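Novice: One structure, as structure tokens, below. Some questions next.
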Amino acid sequence: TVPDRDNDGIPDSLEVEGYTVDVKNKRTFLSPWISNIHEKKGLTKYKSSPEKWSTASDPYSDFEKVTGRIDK
Amino acid sequence: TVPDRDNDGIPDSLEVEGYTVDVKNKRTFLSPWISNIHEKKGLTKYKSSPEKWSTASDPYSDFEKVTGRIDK
Amino acid sequence: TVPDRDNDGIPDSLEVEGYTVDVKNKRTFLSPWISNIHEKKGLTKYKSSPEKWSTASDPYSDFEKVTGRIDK
Amino acid sequence: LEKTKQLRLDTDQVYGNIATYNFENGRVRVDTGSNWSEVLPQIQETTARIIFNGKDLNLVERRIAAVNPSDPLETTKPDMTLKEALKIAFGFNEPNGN
Amino acid sequence: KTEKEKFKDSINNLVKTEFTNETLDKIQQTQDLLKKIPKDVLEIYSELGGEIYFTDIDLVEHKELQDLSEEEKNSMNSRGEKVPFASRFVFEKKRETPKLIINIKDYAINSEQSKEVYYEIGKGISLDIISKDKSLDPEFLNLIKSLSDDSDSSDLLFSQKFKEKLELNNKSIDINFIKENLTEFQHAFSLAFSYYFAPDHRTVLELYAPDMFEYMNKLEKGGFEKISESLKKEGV
Ligand SMILES: [Ca+2]
Ligand SMILES: [Ca+2]
Ligand SMILES: [Ca+2]
Ligand SMILES: [Ca+2]
Ligand SMILES: [Ca+2]
Ligand SMILES: [Ca+2]
């Protein structure tokens, strides 16, 4: 098990210390930020708050905004 | 059990790598795409997204469309 | 276990003898009031009632009030 | 009204619903029991507003989340600088340091 | 029904029922960092005289590291670069006896400082898992050969010196190549060890290096057991 206070499908250390979302074959994989791999792909390094379901207090979680499973 | 992320009743390796649908006696079978067998039958090779329940974002799943369990 | 009559989420001896709330890295931490450890940090000493879910009878608990999980 | 011709239209408030995701079947379904008047006062109190008309003289109001140091839940948000807010909210960049 | 039951679990980490001290929580957090590696790797370390110490003295004015070189004061971290020894808070010293000194912190909240201990531990038991006949295991050589071909696990694990040296050799084919770059071959094992045992870093290792993940997974459920047995039998 891994702790997840806000219950938004992404653990606490990733939200505090930086994460990103990447695809490998056709599946999306949320991963902690590694500069040696996620800079050559040209990705973004997100940081959110580990005790809010949505850091900007709007009705779309931090998981959905980064994953794209959201209102289009 | 085979993985199936989107819950559309069809496994992810088949959605990524190709599949097809054909009846044998009076029953429907969904099969991985084999060029040595399925091409002479005259079938069609589908692909879709393993993360989306419906690849075109319309309310009919990828299983329902190719199988026939759909609004006629 | 730790008794909690009013079901506000903070145990009863803390409500009788004092408690305080602070964040540590990016995570909130509810703690009992230790005198010569928190007073030099400048936190507050809350005391409440261990029988009421909301000590001022308003529809916000003691836990949501001191934690910030409230209507903003 | 026929003498002076002055009649305008104010806008006091706007009702309207949110449409959230459904993990079960991927669809997006409007919930009819929640409007934005439970949401927008919570955005207006935990964020910071930046208005900007550098794109053909049109004001583009945005809001970036920012820390309020007297609230224990709001002190858990990441530290947001003015350069980072201008970079991620509008689309500034620094190709030569500037 | 389950409403208050899950509301209690959602605050089960937040409320702190008895606190009563400050430096006692760092001790508990360090111990629960350490006790979630398996029981076998600690015996593998303690076979060759391994030592794990918990101090609050920062690693400059500690009594047992006052007399050291400059090439050991300039050693590389998990990221590859050298760390200033004012900044280093975890160090393994093995000039004659393998000894690892851990400064206590709040490791349950800090899963970045919690990875350097896993890196130095994987540095500790590294050669004794790699080496069998005073030489790098040819299965591990096949592993490094397979990882250098994949363009993603390559730049995940190897330091940039290793990749910029290997294409000059274009093939890890020489008996001198293993004897000339054993530090990198040790670092590649310790980095995968730290990625495996940090519990939010396993899915990095699973997708970015799937055949290194299976090597560590085979090592996990009984490889440590066999190497501990083959060390403790020759331990007399
Ligand atoms: Ca979270
Ligand atoms: Ca969050
Ligand atoms: Ca599927
Ligand atoms: Ca699908
Ligand atoms: Ca109570
Ligand atoms: Ca109460």
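Going by the structure tokens order, chains are called A, B, ..., each with residues numbered from 1, while ligands are numbered from 1 in the order shown.
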Determine, counting only C-alpha atoms, which protein, DNA and RNA residues have an atom within 9 Å of an atom of residue 5 in chain A; residues of the same chain fewer than 5 positions away are not included. Present the result as an MDAnalysis selection string.
Specialist: (chainID A and resid 11:12 50:53) or (chainID E and resid 10:11 13)
Novice: For the residues selected in the previous step, produce a file with N, CA and C atoms as a CSV table (one decimal), in the first residue's frame.
Specialist:
chain,number,residue,atom,x,y,z
A,11,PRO,N,-0.2,9.3,-5.3
A,11,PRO,CA,0.4,9.2,-3.9
A,11,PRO,C,0.9,10.6,-3.5
A,12,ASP,N,1.3,10.6,-2.2
A,12,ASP,CA,1.6,11.9,-1.6
A,12,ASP,C,3.0,12.4,-2.0
A,50,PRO,N,-1.0,17.5,-1.6
A,50,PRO,CA,-1.4,16.1,-1.3
A,50,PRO,C,-2.6,16.0,-0.4
A,51,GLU,N,-3.2,17.1,0.0
A,51,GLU,CA,-4.4,17.0,0.9
A,51,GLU,C,-5.6,17.7,0.3
A,52,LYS,N,-5.6,18.0,-1.0
A,52,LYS,CA,-6.8,18.5,-1.7
A,52,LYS,C,-7.0,17.6,-2.9
A,53,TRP,N,-8.3,17.3,-3.1
A,53,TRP,CA,-8.7,16.5,-4.3
A,53,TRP,C,-8.5,17.2,-5.6
E,10,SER,N,-9.5,8.0,6.6
E,10,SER,CA,-9.0,9.2,5.9
E,10,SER,C,-8.4,10.2,6.8
E,11,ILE,N,-8.6,10.1,8.1
E,11,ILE,CA,-7.9,10.9,9.1
E,11,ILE,C,-7.0,10.1,10.1
E,13,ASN,N,-4.1,8.9,9.7
E,13,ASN,CA,-2.7,9.4,9.7
E,13,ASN,C,-2.6,10.8,10.2
Novice: Please identify which residues in chain C DSSP calls helix (DSSP H, G or I) from the backbone, and express them as number ranges by chain.
Specialist: C: 12-17, 35-38, 62-67
Novice: Restrict the selected residues to N, CA, C and O atoms and save them as a JSON list (two decimals), in the first residue's frame.
Specialist:
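Generated output (result-v6.json):
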[["chain", "number", "residue", "atom", "x", "y", "z"],
["C", 12, "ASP", "N", -10.99, 12.70, 22.86],
["C", 12, "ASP", "CA", -11.63, 13.51, 23.89],
["C", 12, "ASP", "C", -10.63, 14.18, 24.81],
["C", 12, "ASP", "O", -10.84, 15.34, 25.19],
["C", 13, "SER", "N", -9.56, 13.49, 25.18],
["C", 13, "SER", "CA", -8.55, 14.08, 26.03],
["C", 13, "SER", "C", -7.84, 15.24, 25.35],
["C", 13, "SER", "O", -7.41, 16.17, 26.04],
["C", 14, "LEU", "N", -7.74, 15.22, 24.02],
["C", 14, "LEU", "CA", -7.19, 16.37, 23.32],
["C", 14, "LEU", "C", -8.12, 17.57, 23.41],
["C", 14, "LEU", "O", -7.66, 18.70, 23.61],
["C", 15, "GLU", "N", -9.42, 17.34, 23.28],
["C", 15, "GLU", "CA", -10.37, 18.44, 23.39],
["C", 15, "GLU", "C", -10.45, 19.00, 24.79],
["C", 15, "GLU", "O", -10.70, 20.19, 24.95],
["C", 16, "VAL", "N", -10.24, 18.18, 25.80],
["C", 16, "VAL", "CA", -10.26, 18.70, 27.16],
["C", 16, "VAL", "C", -8.96, 19.41, 27.51],
["C", 16, "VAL", "O", -8.98, 20.48, 28.12],
["C", 17, "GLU", "N", -7.81, 18.88, 27.11],
["C", 17, "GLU", "CA", -6.54, 19.41, 27.58],
["C", 17, "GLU", "C", -5.71, 20.11, 26.51],
["C", 17, "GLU", "O", -4.54, 20.40, 26.75],
["C", 35, "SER", "N", 3.75, 22.12, 25.91],
["C", 35, "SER", "CA", 3.92, 23.52, 26.28],
["C", 35, "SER", "C", 5.19, 24.13, 25.72],
["C", 35, "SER", "O", 5.12, 25.01, 24.86],
["C", 36, "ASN", "N", 6.35, 23.65, 26.14],
["C", 36, "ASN", "CA", 7.60, 24.27, 25.73],
["C", 36, "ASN", "C", 8.09, 23.82, 24.37],
["C", 36, "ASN", "O", 9.27, 24.01, 24.06],
["C", 37, "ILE", "N", 7.24, 23.23, 23.54],
["C", 37, "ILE", "CA", 7.60, 22.85, 22.18],
["C", 37, "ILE", "C", 6.81, 23.63, 21.15],
["C", 37, "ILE", "O", 7.34, 24.02, 20.11],
["C", 38, "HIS", "N", 5.53, 23.90, 21.43],
["C", 38, "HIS", "CA", 4.70, 24.65, 20.50],
["C", 38, "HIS", "C", 4.59, 26.13, 20.82],
["C", 38, "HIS", "O", 4.28, 26.91, 19.92],
["C", 62, "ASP", "N", -15.50, 20.91, 15.02],
["C", 62, "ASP", "CA", -14.26, 21.48, 15.51],
["C", 62, "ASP", "C", -13.11, 21.10, 14.60],
["C", 62, "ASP", "O", -12.18, 21.89, 14.40],
["C", 63, "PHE", "N", -13.19, 19.92, 13.99],
["C", 63, "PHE", "CA", -12.12, 19.43, 13.14],
["C", 63, "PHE", "C", -12.05, 20.20, 11.83],
["C", 63, "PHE", "O", -10.96, 20.58, 11.39],
["C", 64, "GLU", "N", -13.19, 20.45, 11.20],
["C", 64, "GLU", "CA", -13.19, 21.21, 9.97],
["C", 64, "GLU", "C", -12.80, 22.66, 10.21],
["C", 64, "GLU", "O", -12.18, 23.28, 9.35],
["C", 65, "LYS", "N", -13.15, 23.20, 11.36],
["C", 65, "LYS", "CA", -12.80, 24.58, 11.65],
["C", 65, "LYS", "C", -11.31, 24.74, 11.85],
["C", 65, "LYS", "O", -10.68, 25.59, 11.21],
["C", 66, "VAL", "N", -10.70, 23.92, 12.71],
["C", 66, "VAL", "CA", -9.28, 24.11, 12.94],
["C", 66, "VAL", "C", -8.42, 23.55, 11.82],
["C", 66, "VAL", "O", -7.24, 23.90, 11.75],
["C", 67, "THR", "N", -8.96, 22.72, 10.94],
["C", 67, "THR", "CA", -8.12, 22.15, 9.90],
["C", 67, "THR", "C", -8.20, 22.91, 8.60],
["C", 67, "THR", "O", -7.25, 22.91, 7.82]]
Novice: With only C-alpha atoms as the counted atoms, please give the residues lying no more than 9 Å from residue 33 in chain B, apart from itself and same-chain residues fewer than 5 positions off, as a list in words.
Specialist: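 With the cut-off at 9 Å, the set is residues 14, 17, 18, 19, 20, 38, 39, 44, 45 and 46 of chain B.
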Novice: Quick one: superpose chain A onto chain C using all C-alpha atoms paired in order, least squares, and give it to me as a PDB file with C-alpha atoms, in the first residue's frame.
Specialist:
ATOM      1  CA  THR A   1      -8.494   2.483  19.588  1.00  0.00           C
ATOM      2  CA  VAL A   2      -9.082   5.864  21.233  1.00  0.00           C
ATOM      3  CA  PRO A   3     -12.459   7.111  22.510  1.00  0.00           C
ATOM      4  CA  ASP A   4     -14.308   9.746  20.522  1.00  0.00           C
ATOM      5  CA  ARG A   5     -17.826  10.399  21.768  1.00  0.00           C
ATOM      6  CA  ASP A   6     -19.031  13.266  19.583  1.00  0.00           C
ATOM      7  CA  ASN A   7     -17.591  11.623  16.432  1.00  0.00           C
ATOM      8  CA  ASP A   8     -15.691  14.642  15.123  1.00  0.00           C
ATOM      9  CA  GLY A   9     -12.335  13.046  14.426  1.00  0.00           C
ATOM     10  CA  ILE A  10     -10.511  14.281  17.505  1.00  0.00           C
ATOM     11  CA  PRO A  11     -10.200  12.315  20.760  1.00  0.00           C
ATOM     12  CA  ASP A  12     -11.620  13.281  24.107  1.00  0.00           C
ATOM     13  CA  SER A  13      -8.471  13.988  26.095  1.00  0.00           C
ATOM     14  CA  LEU A  14      -7.243  16.343  23.401  1.00  0.00           C
ATOM     15  CA  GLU A  15     -10.502  18.294  23.325  1.00  0.00           C
ATOM     16  CA  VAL A  16     -10.586  18.616  27.100  1.00  0.00           C
ATOM     17  CA  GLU A  17      -6.897  19.203  27.799  1.00  0.00           C
ATOM     18  CA  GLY A  18      -5.787  21.240  24.794  1.00  0.00           C
ATOM     19  CA  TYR A  19      -4.646  20.665  21.232  1.00  0.00           C
ATOM     20  CA  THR A  20      -3.318  22.381  18.124  1.00  0.00           C
ATOM     21  CA  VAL A  21      -2.761  21.790  14.413  1.00  0.00           C
ATOM     22  CA  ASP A  22       0.699  21.851  12.852  1.00  0.00           C
ATOM     23  CA  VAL A  23       2.297  21.052   9.500  1.00  0.00           C
ATOM     24  CA  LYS A  24       5.590  19.194   9.200  1.00  0.00           C
ATOM     25  CA  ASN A  25       6.635  18.812   5.552  1.00  0.00           C
ATOM     26  CA  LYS A  26       3.395  19.458   3.689  1.00  0.00           C
ATOM     27  CA  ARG A  27       0.989  17.381   5.796  1.00  0.00           C
ATOM     28  CA  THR A  28      -1.157  18.709   8.636  1.00  0.00           C
ATOM     29  CA  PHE A  29      -0.920  16.917  11.980  1.00  0.00           C
ATOM     30  CA  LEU A  30      -3.363  17.478  14.833  1.00  0.00           C
ATOM     31  CA  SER A  31      -1.449  17.147  18.084  1.00  0.00           C
ATOM     32  CA  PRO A  32      -1.841  17.599  21.840  1.00  0.00           C
ATOM     33  CA  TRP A  33      -0.451  20.865  23.101  1.00  0.00           C
ATOM     34  CA  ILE A  34       3.223  20.843  24.052  1.00  0.00           C
ATOM     35  CA  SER A  35       4.404  24.218  25.262  1.00  0.00           C
ATOM     36  CA  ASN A  36       8.066  23.643  24.418  1.00  0.00           C
ATOM     37  CA  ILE A  37       7.342  23.267  20.703  1.00  0.00           C
ATOM     38  CA  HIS A  38       4.054  25.027  19.960  1.00  0.00           C
ATOM     39  CA  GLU A  39       5.012  28.329  21.541  1.00  0.00           C
ATOM     40  CA  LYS A  40       8.100  28.950  19.424  1.00  0.00           C
ATOM     41  CA  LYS A  41       6.039  28.322  16.305  1.00  0.00           C
ATOM     42  CA  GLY A  42       3.455  30.779  17.585  1.00  0.00           C
ATOM     43  CA  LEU A  43       0.429  28.504  17.501  1.00  0.00           C
ATOM     44  CA  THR A  44      -2.953  28.592  19.229  1.00  0.00           C
ATOM     45  CA  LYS A  45      -4.134  26.324  22.042  1.00  0.00           C
ATOM     46  CA  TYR A  46      -7.705  25.199  21.435  1.00  0.00           C
ATOM     47  CA  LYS A  47     -10.161  23.606  23.830  1.00  0.00           C
ATOM     48  CA  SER A  48     -13.546  22.251  22.816  1.00  0.00           C
ATOM     49  CA  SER A  49     -16.270  20.084  24.230  1.00  0.00           C
ATOM     50  CA  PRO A  50     -15.820  16.327  23.852  1.00  0.00           C
ATOM     51  CA  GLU A  51     -19.537  15.543  23.536  1.00  0.00           C
ATOM     52  CA  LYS A  52     -20.606  18.039  20.863  1.00  0.00           C
ATOM     53  CA  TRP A  53     -19.852  17.702  17.184  1.00  0.00           C
ATOM     54  CA  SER A  54     -19.521  21.485  17.012  1.00  0.00           C
ATOM     55  CA  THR A  55     -19.075  23.342  20.274  1.00  0.00           C
ATOM     56  CA  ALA A  56     -20.756  26.549  19.115  1.00  0.00           C
ATOM     57  CA  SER A  57     -23.737  24.562  17.692  1.00  0.00           C
ATOM     58  CA  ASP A  58     -23.105  25.846  14.155  1.00  0.00           C
ATOM     59  CA  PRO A  59     -22.804  23.450  11.204  1.00  0.00           C
ATOM     60  CA  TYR A  60     -19.002  23.232  11.061  1.00  0.00           C
ATOM     61  CA  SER A  61     -17.331  20.708  13.329  1.00  0.00           C
ATOM     62  CA  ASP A  62     -14.456  21.336  15.699  1.00  0.00           C
ATOM     63  CA  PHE A  63     -12.187  19.370  13.370  1.00  0.00           C
ATOM     64  CA  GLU A  64     -12.990  21.469  10.340  1.00  0.00           C
ATOM     65  CA  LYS A  65     -12.646  24.870  11.981  1.00  0.00           C
ATOM     66  CA  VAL A  66      -9.157  24.118  13.236  1.00  0.00           C
ATOM     67  CA  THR A  67      -8.012  22.194  10.177  1.00  0.00           C
ATOM     68  CA  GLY A  68      -9.203  24.616   7.542  1.00  0.00           C
ATOM     69  CA  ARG A  69     -11.133  22.008   5.593  1.00  0.00           C
ATOM     70  CA  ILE A  70     -14.180  24.272   5.697  1.00  0.00           C
ATOM     71  CA  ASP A  71     -16.148  26.702   3.533  1.00  0.00           C
ATOM     72  CA  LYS A  72     -13.566  29.329   2.654  1.00  0.00           C
TER      73      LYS A  72
END
Novice: Hey, list the chain D side of the contact with chain B: 8 Å cut-off, only C-alpha atoms, answer as a PyMOL selection string.
Specialist: chain D and resi 24-27
Novice: Convert the current residue selection to file output with N, CA, C and O atoms, as a short mmCIF file (atom, residue, chain, number, x, y, z; two decimals), in the first residue's frame.
Specialist:
data_model
loop_
_atom_site.label_atom_id
_atom_site.label_comp_id
_atom_site.auth_asym_id
_atom_site.auth_seq_id
_atom_site.Cartn_x
_atom_site.Cartn_y
_atom_site.Cartn_z
N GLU D 24 -16.59 4.57 -14.80
CA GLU D 24 -17.10 3.24 -15.13
C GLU D 24 -17.13 3.02 -16.64
O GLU D 24 -16.70 1.98 -17.13
N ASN D 25 -17.62 4.00 -17.39
CA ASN D 25 -17.79 3.84 -18.82
C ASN D 25 -17.24 5.01 -19.61
O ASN D 25 -17.63 5.21 -20.76
N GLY D 26 -16.36 5.81 -19.03
CA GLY D 26 -15.74 6.90 -19.75
C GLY D 26 -16.63 8.07 -20.12
O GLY D 26 -16.11 9.08 -20.58
N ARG D 27 -17.93 7.98 -19.92
CA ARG D 27 -18.80 9.04 -20.39
C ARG D 27 -18.76 10.20 -19.41
O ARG D 27 -18.21 10.11 -18.32
#
Novice: Select, as a compact mmCIF listing (two decimals) with N, CA, C and O atoms, in the first residue's frame, those residues of chain E with any atom no more than 9 Å from chain A (distances computed using only C-alpha atoms).
Specialist:
# COMPACT_ATOMS: atom_id res chain seq x y z
N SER E 10 -9.46 8.01 6.61
CA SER E 10 -9.01 9.21 5.91
C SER E 10 -8.39 10.24 6.83
O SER E 10 -7.78 11.19 6.34
N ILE E 11 -8.56 10.10 8.15
CA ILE E 11 -7.87 10.92 9.13
C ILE E 11 -7.01 10.09 10.07
O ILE E 11 -6.51 10.60 11.06
N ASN E 13 -4.08 8.93 9.69
CA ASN E 13 -2.70 9.40 9.69
C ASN E 13 -2.57 10.82 10.21
O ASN E 13 -1.47 11.23 10.57
N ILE E 109 7.80 11.24 5.81
CA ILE E 109 7.27 12.36 5.05
C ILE E 109 8.14 12.64 3.84
O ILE E 109 7.65 13.17 2.83
N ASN E 110 9.41 12.24 3.88
CA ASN E 110 10.44 12.70 2.95
C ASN E 110 10.92 11.52 2.13
O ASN E 110 11.96 10.93 2.44
N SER E 111 10.22 11.20 1.05
CA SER E 111 10.57 10.06 0.22
C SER E 111 11.59 10.41 -0.85
O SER E 111 11.67 9.73 -1.87
N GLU E 112 12.35 11.48 -0.65
CA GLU E 112 13.54 11.75 -1.44
C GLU E 112 14.80 11.47 -0.66
O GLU E 112 15.70 10.80 -1.16
N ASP E 152 15.81 3.11 -23.52
CA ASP E 152 15.13 3.76 -22.41
C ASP E 152 15.70 3.34 -21.06
O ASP E 152 16.01 4.19 -20.22
N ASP E 155 19.49 4.93 -20.67
CA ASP E 155 19.63 6.24 -20.06
C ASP E 155 18.81 6.40 -18.80
O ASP E 155 18.90 7.45 -18.15
N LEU E 156 18.02 5.40 -18.41
CA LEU E 156 17.51 5.43 -17.05
C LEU E 156 18.60 5.11 -16.05
O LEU E 156 18.82 5.86 -15.10
N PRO E 199 8.83 2.37 -2.43
CA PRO E 199 7.56 1.74 -2.83
C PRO E 199 6.71 2.55 -3.79
O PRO E 199 5.70 2.02 -4.27
N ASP E 200 7.07 3.80 -4.09
CA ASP E 200 6.43 4.55 -5.17
C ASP E 200 7.33 4.67 -6.39
O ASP E 200 7.10 5.53 -7.23
N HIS E 201 8.36 3.84 -6.48
CA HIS E 201 9.28 3.85 -7.61
C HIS E 201 9.36 2.50 -8.30
O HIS E 201 10.20 2.32 -9.18
N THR E 203 6.95 0.98 -10.15
CA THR E 203 6.35 1.08 -11.47
C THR E 203 7.20 1.85 -12.45
O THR E 203 6.97 1.76 -13.66
N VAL E 204 8.16 2.64 -11.97
CA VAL E 204 9.20 3.15 -12.85
C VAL E 204 10.04 2.00 -13.37
O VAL E 204 10.28 1.87 -14.58
N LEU E 207 8.17 -0.56 -16.00
CA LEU E 207 7.91 -0.16 -17.38
C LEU E 207 9.13 0.37 -18.10
O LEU E 207 9.25 0.19 -19.31
N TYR E 208 10.05 1.01 -17.39
CA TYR E 208 11.22 1.55 -18.06
C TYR E 208 12.35 0.55 -18.18
O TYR E 208 13.27 0.78 -18.96
Novice: Need to verify the contact set: residue 34 in chain D, 10 Å, only C-alpha atoms, exclusion of same-chain residues closer than 6 positions in sequence. Can you return it as a PyMOL selection string?
Specialist: chain D and resi 15-19
Novice: For the structure I just gave you, how does DSSP split range 14-232 of chain E - specifically, which residues are strand (DSSP E or B)? Reply as a PyMOL selection string.
Specialist: chain E and resi 15+51-55+76+82+90-93+99-103+131+136
Novice: What is the CA of residue 114 in chain E to CA of residue 65 in chain D distance in Å?
Specialist: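 Going from CA of residue 114 in chain E over to CA of residue 65 in chain D covers 28.8 Å.
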